[PDB]
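Indexing begins at 1, ligand by ligand and atom by atom, following the structure's order. Numbers restart at 1 for each chain; the letters A, B, ... are given by sequence-line order, proteins then strands.
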Amino acid sequence: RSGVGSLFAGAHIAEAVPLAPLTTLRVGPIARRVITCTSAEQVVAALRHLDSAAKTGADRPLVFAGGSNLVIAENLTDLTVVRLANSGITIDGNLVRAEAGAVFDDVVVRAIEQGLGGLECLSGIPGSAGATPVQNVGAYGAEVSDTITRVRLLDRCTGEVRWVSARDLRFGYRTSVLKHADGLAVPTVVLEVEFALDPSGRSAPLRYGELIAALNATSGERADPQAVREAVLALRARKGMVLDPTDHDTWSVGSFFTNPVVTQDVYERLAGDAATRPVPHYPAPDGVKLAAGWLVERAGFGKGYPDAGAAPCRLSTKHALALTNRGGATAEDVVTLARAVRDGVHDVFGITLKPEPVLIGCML
Amino acid sequence: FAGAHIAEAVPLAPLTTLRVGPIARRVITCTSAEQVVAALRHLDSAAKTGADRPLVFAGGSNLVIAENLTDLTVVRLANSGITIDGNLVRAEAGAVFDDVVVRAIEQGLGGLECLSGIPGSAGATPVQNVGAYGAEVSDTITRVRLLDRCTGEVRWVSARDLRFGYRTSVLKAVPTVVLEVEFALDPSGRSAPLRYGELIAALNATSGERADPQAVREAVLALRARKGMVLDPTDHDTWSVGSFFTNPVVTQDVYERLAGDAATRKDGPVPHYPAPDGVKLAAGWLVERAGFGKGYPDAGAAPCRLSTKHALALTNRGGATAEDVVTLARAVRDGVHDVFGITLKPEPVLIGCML
Ligand SMILES: Cc1cc2nc3c(=O)[nH]c(=O)nc-3n(C[C@H](O)[C@H](O)[C@H](O)COP(=O)(O)OP(=O)(O)OC[C@H]3O[C@@H](n4cnc5c(N)ncnc54)[C@H](O)[C@@H]3O)c2cc1C
Ligand SMILES: Cc1cc2nc3c(=O)[nH]c(=O)nc-3n(C[C@H](O)[C@H](O)[C@H](O)COP(=O)(O)OP(=O)(O)OC[C@H]3O[C@@H](n4cnc5c(N)ncnc54)[C@H](O)[C@@H]3O)c2cc1C
Ligand SMILES: [K+]
Ligand SMILES: [K+]
């Protein structure tokens, strides 16, 4: 059938591979082996062999795609990496299907240019399509759970491949069943994602105040998707949230923390504690969602922190939530600064912020 | 109408499970999605309006049609393909739903088996989130291909945008027609988990176990047979639209009032089911407790009676009219309201008639 003569059905194998340059953060160990898969058959056959042979706590493989949400400890000297390069975008009426290794922003653009609305708010988010369901990737008032119909999944332990519905993924705010406290584990691999979009050519309803203002629209109004993408790309540039290899503010894994959901009591206390001398909140179904960025800034961790020095890890000069590599950072530098922001916001507010990126061999 | 078959003066009664309906002016039978879409586009722009709107039809298992609708144009969906594609099953609107179930079981795909024996088409299933025996088609549908009748536009719509709930979806005020349904099923060949007390008991198993889909099917078919809820043309208990009323979802205090009274009278407990938004009661227990036994009325030879095996099913006893169905329905609804304070809601769609 498929690459029968070769190991892993034809996947590329390389040894002693610096992972740092493959990551947006530019942090990482030299991987002992990298196995690069360009098809679903390769991803399945590669993991089957590695999962069948893996015996010890040093042998679980790191599944790696765009490298935009990974903080990988430099200590990990005995690491095998499976790299998902199985790309491919199909248009099927108002449906768009993207293999895991497609570049997510590419899916957005293809969708917009078919006159299909629904992804435009997610323009400029880096990384792969296959990663999007894992944490229900979102920005600017949209999330991929607003349009995903189903996901093609490899269950690594049984070797079964099937399609799973959006409903069975149990999407919530920055979560799904695929999201695990441990980001190495990845017992289930996304091979392909399908989205169902709006063939009338209208964007999703605009649900995010900064974007709405920028287009001179009102809340829940629909607009031209391309115009929405252009505004979103401008909003993201201002925050250093579009990759730009000459700008260190962009040497990140984006926002380092999820917006926390607090009980209505704790929102009203802060609403009071700041009524002397207006507290950002977003609607959410089981409490109030607070802006992590407003919390981080109020606890003293502003844009550029720490300001004095040549700190190798700073918070972005354009967006306080993003940790950045200024040139020579290590994983521990990133974890250290993140811990302090996290500890600091708890000292002030009594809110524990959860990290949004995936920390391999490091914890907070 | 891109090759649609057009018949004139077609009796609808024999096309309905209730054996009630008018002689339609024209029946436009569509055997492809293209015909369905061509027909509805022309007819919907032509209509001038109320009674010129066409009735969308399919399996005839959930409709009560007034016999005096002599000017009725009907579009009958008979696009019937069924495609298996790994663990995905795609069924055109006109496919027989139970054949989709059988086809999935035959391929080793689990998830549809608890829906064995429900009559009518695949296309109709999302409209009221068809279900029984602890399953609903919302548990497996990924998306539905729809014609928006207001814009003439055709598109796939996700499960989520259909807003499925207990006997409802957004399709049940935009008319749309479902053209095709996709289901994602379980290729390990295990059933959905067994959640329904009657079915678990009948298999000798535990709540949450899975079983062979075929054995689940046979159990469910035998239980449905005991209630007159599989089509059997010699049994008048099955000349129905199934359960005529949906299980009402009441605030928890309405439930509690009832459960107190029943405990005092010693005729409890009040059977009830999970609901996100209060407590769901067995409409059948309300009907019987309000005085309307299985076979009601027993006196004389009523042309409409409640099934002798399932009180919730209004049945055509030979020669019923729509007026008889609606007259019996109104009494069962009024009596339940009078005894319990609960307003039951009709499950079938009523064309030219009302409670
Ligand atoms: C400048 C910048 C801006 C950002 N803005 C946003 C934003 O607005 N919103 C947002 O949600 N995120 C944002 N991110 C985070 C990141 O881009 C997204 O999370 C992205 O979806 C990660 O994709 P990746 O392919 O790079 O994942 P990787 O970093 O390659 O992988 C990360 C984790 O996902 C797992 N994973 C990857 N592929 C699969 C698969 N196919 N199946 C199962 N598990 C898998 C990996 O094992 C690992 O556990 C931003 C990042 C940067 C650097
Ligand atoms: C013996 C018996 C047992 C039953 N058991 C059950 C049960 O266990 N659970 C349950 O839910 N139901 C049950 N029913 C009700 C009925 O079988 C289901 O509602 C069925 O899915 C209806 O299918 P149909 O094709 O016969 O619809 P029809 O009767 O042809 O049409 C019903 C309504 O749905 C609309 N409709 C039909 N197809 C479409 C479409 N493609 N797009 C948009 N609208 C459409 C029609 O316009 C009409 O408004 C039972 C019925 C009988 C007679
Ligand atoms: K992030
Ligand atoms: K019914």
Which atoms of ligand 1 are found less than 4.0 Å from any heavy atom of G183(A)?
47 (O), 49 (O)
Does any N, O or S atom of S68(A), backbone or side chain, fall under 3.4 Å from the K ion (ligand 3)?
no
Does a side-chain N-to-carboxylate-O contact under 4.0 Å join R217(B) and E113(B)?
no
Would you check ligand 2 and list the protein residues that come within less than 4.0 Å of it by any heavy atom, ordered by chain and number?
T17(B), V56(B), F57(B), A58(B), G59(B), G60(B), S61(B), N62(B), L63(B), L77(B), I118(B), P119(B), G120(B), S121(B), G123(B), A124(B), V127(B), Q128(B), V130(B), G131(B), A132(B), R167(B), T176(B), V177(B), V178(B), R224(B), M229(B), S240(B), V241(B), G242(B), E347(B), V349(B)
Let me check your reading of the structure: within less than 3.4 Å of the K ion (ligand 3), is there an N/O/S atom from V253(A)?
yes
Less than 4.5 Å apart, any side-chain heavy atom of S316(A) and any of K239(A)?
no
Listed partners of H310(B) passing ring pair (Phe, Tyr, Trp, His ring centres under 6.0 Å), at least two apart
none
For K172(B), look at atom NZ and say whether over 12 heavy atoms of other residues, nucleotides or ligands are found less than 6.0 Å away.
yes
Give me the ring orientation class for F183(B) and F97(B): parallel if the planes are under 30° apart, tilted from 30 to 60°, perpendicular past 60°.
tilted
Quick one: does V253(A)'s side chain get under 4.5 Å of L323(A)'s, heavy atoms only?
no
Side chain to side chain contact (heavy atoms under 4.5 Å, CB included) test vs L55(B) passes for just one of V75(B), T73(B), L63(B), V27(B), namely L63(B)
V161(A)/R152(A) under side chain to side chain contact (heavy atoms under 4.5 Å, CB included): CA gap, chis, key distance, verdict:
CA-CA 7 Å; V161(A) 180; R152(A) 194 186 195 212; 3.7 Å; yes
At the K ion (ligand 3), what angle lies between atom OD1 of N69(A) and atom O of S255(A), rounded to 10 degrees?
130°
